[PDB]
There are 2 protein chains.
Amino acid sequence: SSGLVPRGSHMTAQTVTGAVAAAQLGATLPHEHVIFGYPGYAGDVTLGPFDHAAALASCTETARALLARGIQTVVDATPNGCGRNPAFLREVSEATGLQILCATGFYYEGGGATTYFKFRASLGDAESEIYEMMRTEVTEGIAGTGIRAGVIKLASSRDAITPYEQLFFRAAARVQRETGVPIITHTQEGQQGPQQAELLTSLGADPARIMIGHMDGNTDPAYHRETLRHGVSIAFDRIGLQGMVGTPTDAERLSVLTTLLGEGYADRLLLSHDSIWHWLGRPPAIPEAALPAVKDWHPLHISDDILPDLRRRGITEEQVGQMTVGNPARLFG
Amino acid sequence: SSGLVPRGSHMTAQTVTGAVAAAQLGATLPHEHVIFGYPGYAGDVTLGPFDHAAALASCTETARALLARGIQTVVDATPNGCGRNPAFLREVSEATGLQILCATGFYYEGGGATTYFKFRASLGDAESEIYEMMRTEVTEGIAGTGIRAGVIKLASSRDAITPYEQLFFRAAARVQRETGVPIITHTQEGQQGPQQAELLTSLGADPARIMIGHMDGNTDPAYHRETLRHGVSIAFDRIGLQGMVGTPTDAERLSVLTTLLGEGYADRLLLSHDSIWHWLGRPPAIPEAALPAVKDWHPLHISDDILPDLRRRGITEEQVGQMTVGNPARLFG
Ligand SMILES: [Co+2]
Ligand SMILES: [Co+2]
Ligand SMILES: [Co+2]
Ligand SMILES: [Co+2]
């Protein structure tokens, strides 16, 4: 155990099919979505119902493609009000042998099912209620199913980590101290990564069990270094989603990643696509002038295009294996 | 048929148990919520699960209290992402004989499950998708159950009827023209009632099938008169919720109502409480200094306190019956 070792509580990952040893995780995609729906999809159920059979078949087929690439584990980052479904994920994992960790947490203020806790917080101690929720889901189970969350998912807004969002960061830090559970995050439009890192550590969370996400959203390597200064891991986890919204191109992403890799940060970098394998609600109807932005936005893009492009640029096999197997065994294992 | 008669399409109300004649509605509470949860409650399902047996017993008991007061119909105004459940409402109606109409629509921008259609609208024709949804739910059924919505529910924000909200007002107006379905609304903090009235009529919706809501939220009688100028009905429908948020006291509400009644607007005024009979999510924990605001916030308050206070102030039995039986038979029947 060389470097920054986590622990001070638990030593194994909790997947939707149960406990798994750090050594069993194999290469991991740390931020993906088996199913995902923007909050409000369930109100469009009349015309956009879930086709369980089509979903299970499509999701298992994508799981099989991943296992063929040697990926043995996926961390499903779906927030509580964005379609999270542990029972479903379990079916997918049982059908294929792909290991899946699910999350506990709500999305950022402007993008999650926010109204509920914003309201409870105006009438009482919402931080304590969010903490009780994260702890029960991480230690006992989600919705009386016995399936436990393997990560706590946090998210902040673009201009600041809002008071609403901080209720979750405080509750999350506490659960992290008490269970050692991993924490992954969402940053909005390439901002707040350093503030996030600072707030979670200042609150006592283990920086070795923290992964600040969507860091590929910023193209100034200075921004990632300031974040890395905290000891936390960062993830370029929207690889393949290019130009959509404020998103950069993978060429801008690989430029910043190779700079950081050449500075010795391999032990702190992770890669994922933030893909959605099956959308909840009605099928998205993507405009013509947007097809390029999502063309490479699927879960086989890193294995097929990215790792080879890195290797051809000078990145070693040991660096690649540290990002894809080394880092997750320690952060989630 | 004297006065402003609706029609030009359909002539009866659609309840969760089926079609009902205008003459069968009896006295009506036009804006209530059998069950309600702020968007995000379903993500708090681990610690705040729905207890169907406790819910059915509590809801049927409240339904029985209403029928004892002679109320035979309730219009459930719950938006699509706020706990709407037609199957449940049907159980309550079947168990008791209370007639219940349910709605189709999403809540105002800052309070509903907004993310989903805000997103679809950035990628395509969300107005058409919302229109298809309202029309199928009003004419065929909600979620493949065969239970149809009897009203379209619309809502706007405080400072303006937002572009997002206008997608729904446009779709609603179209469905209104094609089916004659009634439209009820939500106004936020006593603003936009006139703008609402203006936009729906300018769009061709039938002002005789429009009820602008939460109009008791404003205490300047000039505001209601400008709204009434459009031919639409208005509702003082949060009666009993006092001082909570920007809400006035019932004494301020009755002062504006008696002024309007003394100006001959009885044919255009309706009364309801906007109560919630059973909350979804964890039980609300209401702070001590807030007990007065919700004390009279339940569905028997109008029948027991309000109608008598009006009658003692000079309002006649015919005026009362026009607001509670006359008006709804025409607007929803
Ligand atoms: Co995200
Ligand atoms: Co994500
Ligand atoms: Co309302
Ligand atoms: Co309401």
Side-chain angles (χ1 to χ4, degrees), chain A residues 29-38 74-80 82-84 102-103 105-108 111-112 115 119 151 153-155 184-188 211 213-217 235 237-241 244-245 247 272-277 279 297 299, chain B residues 29-39 74-80 82-84 102-103 105-112 151 153-158 165 184-193 196 211-217 235-241 244-247 272-277 279 297 299:
Chain A
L29 283 182
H31 183 116
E32 299 305 327
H33 295 285
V34 173
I35 66 185
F36 181 98
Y38 279 117
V74 176
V75 165
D76 186 287
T78 314
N80 284 28
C82 290
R84 195 185 56 165
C102 73
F106 273 61
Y107 218 18
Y108 71 104
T115 319
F119 173 76
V151 298
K153 166 72 172 279
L154 288 176
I184 63 179
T185 90
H186 162 108
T187 51
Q188 175 68 29
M211 187 184 78
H214 313 338
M215 289 287 293
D216 49 344
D237 54 20
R238 309 197 79 200
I239 307 183
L241 175 57
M244 192 78 124
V245 76
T247 285
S272 234
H273 321 84
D274 195 19
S275 65
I276 288 169
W277 306 1
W279 287 99
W297 190 41
Chain B
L29 283 182
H31 183 116
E32 299 305 327
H33 295 285
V34 173
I35 66 185
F36 181 98
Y38 279 117
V74 176
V75 165
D76 186 287
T78 314
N80 284 28
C82 290
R84 195 185 56 165
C102 73
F106 273 61
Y107 218 18
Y108 71 104
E109 209 179 320
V151 298
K153 166 72 172 279
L154 288 176
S156 62
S157 292
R158 190 224 293 132
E165 302 164 345
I184 63 179
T185 90
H186 162 108
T187 51
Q188 175 68 29
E189 293 163 72
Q191 294 200 45
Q192 306 316 316
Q196 279 193 3
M211 187 184 78
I212 303 289
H214 313 338
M215 289 287 293
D216 49 344
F236 284 56
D237 54 20
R238 309 197 79 200
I239 307 183
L241 175 57
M244 192 78 124
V245 76
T247 285
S272 234
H273 321 84
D274 195 19
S275 65
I276 287 169
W277 306 1
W279 287 99
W297 190 41

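All ligand and atom numbering here is 1-based and tracks the order in the structure. Residue numbering restarts at 1 for every chain, and letters A, B, ... go by the order of the sequence lines. FYI, side chains are in, hydrogens and waters are out, and symmetry mates aren't considered; it's all heavy atoms of this structure.
The OH atom of B:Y107 and the NE2 atom of B:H214 meet at the Co ion (ligand 3) at an angle of about 170°, given to 10°. Here the angle centred on the Co ion (ligand 4), running from NE2 of B:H33 over to NE2 of B:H31, is 110°, rounded to 10°.
Side-chain atoms of B:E189 do not come within 3.5 Å of backbone N or O of B:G217 as any donor-acceptor pair. Side-chain atoms of B:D237 never come within 3.5 Å of backbone atoms of B:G213 as a donor-acceptor pair (strictly under, hydrogens ignored). The main-chain N or O of B:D216 is never found under 3.5 Å from a side-chain atom of B:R238 such that the two would form a donor-acceptor pair.
Looking at B:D274 and the Co ion (ligand 4) together, the shortest N, O or S contact belongs to OD1. Within B:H186, the N, O or S atom lying nearest to the Co ion (ligand 3) carries the name ND1.
Interatomic distance, B:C102 SG to B:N80 CG, rounded to the nearest 0.5 Å: 9.0 Å.
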